[PDB]
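*Asks:* Okay, handing you the structure first.
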Amino acid sequence: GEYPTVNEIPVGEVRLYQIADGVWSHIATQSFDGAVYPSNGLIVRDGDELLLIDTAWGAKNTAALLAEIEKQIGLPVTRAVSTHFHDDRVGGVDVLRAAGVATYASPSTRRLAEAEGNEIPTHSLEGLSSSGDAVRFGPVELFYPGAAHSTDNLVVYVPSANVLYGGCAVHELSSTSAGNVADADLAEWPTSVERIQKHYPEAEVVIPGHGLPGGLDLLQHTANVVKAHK
Ligand SMILES: C[C@@H](c1cccc2c(-c3ccc(CS(C)(=O)=O)c(F)c3)c(C(=O)O)[nH]c12)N1C[C@@H](CNC(=N)N)OC1=O
Ligand SMILES: [Zn+2]
Ligand SMILES: [Zn+2]
């Protein structure tokens, strides 16, 4: 019943966690440069179908994700959105595409994934190229807050449940640094978080890209750790 943690999930297994009615997170673990990390995604019920947000960080993890969804939920995943171009978001897109899932990302994410050799979602999401832009996508709103963890990062809001999925632009409360900043804009990140805070003041649950969900405090904590990292 507790939120599944990095040392509790072997690499290759996936667990789901019920966030709200018709909203789950998915949690998996992966090795990278000789360390093991957890990572989150989202699942949102879309009538008798499911919308997936982000892969489970790798092909085998993402196959295991689809199997876990079939076991725990039993509705088909028909569409997926990747919230930026890194492997914890797009690694597994080829698995999804071979399982009948239509895969989407912004044009900026698709360009970055292609240039860096990561898997590439099929469909481009227009209407998200300027910070503050928002578009509807099934049961969610997609929001581009500006550059933060990456220049292309998107956040996702579930209006029926007031769930804010921050992706990797948002860190968990226990975080001590800004995570993997390889592609980050540390100077712009606080401004982008402020845009999230201003656009989603009624969020009740905030889910980071890695680690434990909480409330709105994750946003301020993120700004604090990024400012101090910088
Ligand atoms: C795939 C992804 C990646 C790989 C490994 C780790 C991360 C973490 C991380 C680390 C640490 C923490 C804990 S904490 C907050 O600092 O206390 C965390 F919570 C998230 C994050 C994140 O922060 O989102 N992402 C990671 N990758 C590749 C990559 C390309 N690297 C290049 N050199 N090109 O960039 C990147 O992010
Ligand atoms: Zn990333
Ligand atoms: Zn990440």
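Just remember, in the structure tokens the first chain shown is A, the second B, etc., residues are 1-based per chain, and ligands are 1-based in the order shown.
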Write out as a list in words each polymer residue (protein, DNA or RNA) that has an atom no more than 8 Å from ligand 2, with only C-alpha atoms and all ligand atoms counted.

*Replies:*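 Using only C-alpha atoms and all ligand atoms, I find these residues within 8 Å of ligand 2: residues 84, 85, 86, 87, 88, 89, 149, 150, 168, 180, 181 and 183 of chain A.
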
*Asks:* Restricting the output to C-alpha atoms, write the selected residues as an mmCIF file, in the first residue's frame.

*Replies:*
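Writing the result to selection36.cif gives the following:
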data_model
loop_
_atom_site.group_PDB
_atom_site.id
_atom_site.type_symbol
_atom_site.label_atom_id
_atom_site.label_comp_id
_atom_site.auth_asym_id
_atom_site.auth_seq_id
_atom_site.Cartn_x
_atom_site.Cartn_y
_atom_site.Cartn_z
ATOM 1 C CA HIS A 84 10.513 14.895 -22.892
ATOM 2 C CA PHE A 85 13.153 13.182 -24.993
ATOM 3 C CA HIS A 86 15.175 11.196 -22.411
ATOM 4 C CA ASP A 87 15.125 7.403 -22.211
ATOM 5 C CA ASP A 88 13.013 7.411 -19.012
ATOM 6 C CA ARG A 89 10.238 9.002 -21.136
ATOM 7 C CA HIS A 149 14.834 19.836 -16.552
ATOM 8 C CA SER A 150 14.979 19.973 -20.355
ATOM 9 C CA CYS A 168 11.051 15.557 -14.513
ATOM 10 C CA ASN A 180 20.236 14.744 -13.811
ATOM 11 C CA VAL A 181 20.844 18.267 -15.091
ATOM 12 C CA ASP A 183 20.090 19.013 -20.483
#

*Asks:* Which residues are close to residue 109 (chain A), i.e. within 12 Å by only C-alpha atoms, leaving aside same-chain residues fewer than 5 positions away? Reply as a ChimeraX atom specification.

*Replies:* /A:81-87,89-90,104,114-126,128-129,144,150-154

*Asks:* Produce a table with one row for each residue of region 105-193 of chain A that has an atom at most 10 Å from any atom of region 15-38 of chain A, each row naming the nearest atom pair and its distance in Å at one decimal; use only C-alpha atoms; arrange rows by chain and rising residue number; format as a Markdown table.

*Replies:*
| residue | atom | partner | partner_atom | distance |
| --- | --- | --- | --- | --- |
| A:139 | CA | A:22 | CA | 9.9 |
| A:158 | CA | A:23 | CA | 8.2 |
| A:160 | CA | A:21 | CA | 8.7 |
| A:161 | CA | A:20 | CA | 6.4 |
| A:162 | CA | A:20 | CA | 9.1 |
| A:163 | CA | A:20 | CA | 8.0 |
| A:165 | CA | A:25 | CA | 9.2 |

*Asks:* For the contact check between region 139-158 of chain A and region 191-212 of chain A, emit one row per residue of region 139-158 of chain A within 10 Å, containing the shortest atom pair and the distance in Å rounded to one decimal, counting only C-alpha atoms, chain then rising number order, as CSV.

*Replies:*
residue,atom,partner,partner_atom,distance
A:143,CA,A:196,CA,8.4
A:144,CA,A:192,CA,8.7
A:145,CA,A:192,CA,5.0
A:146,CA,A:192,CA,5.1
A:147,CA,A:192,CA,6.5
A:148,CA,A:192,CA,6.3
A:149,CA,A:192,CA,9.8
A:155,CA,A:196,CA,8.3
A:156,CA,A:207,CA,9.8
A:157,CA,A:200,CA,8.0
A:158,CA,A:203,CA,9.1

*Asks:* Could you tell me how far CA of residue 182 (chain A) sits from CA of residue 226 (chain A), in Å to one decimal place?

*Replies:* 13.1 Å

*Asks:* What gap, in Å, lies between CA of residue 9 (chain A) and CA of residue 72 (chain A)?

*Replies:*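 Distance reported for this atom pair: 16.9 Å.
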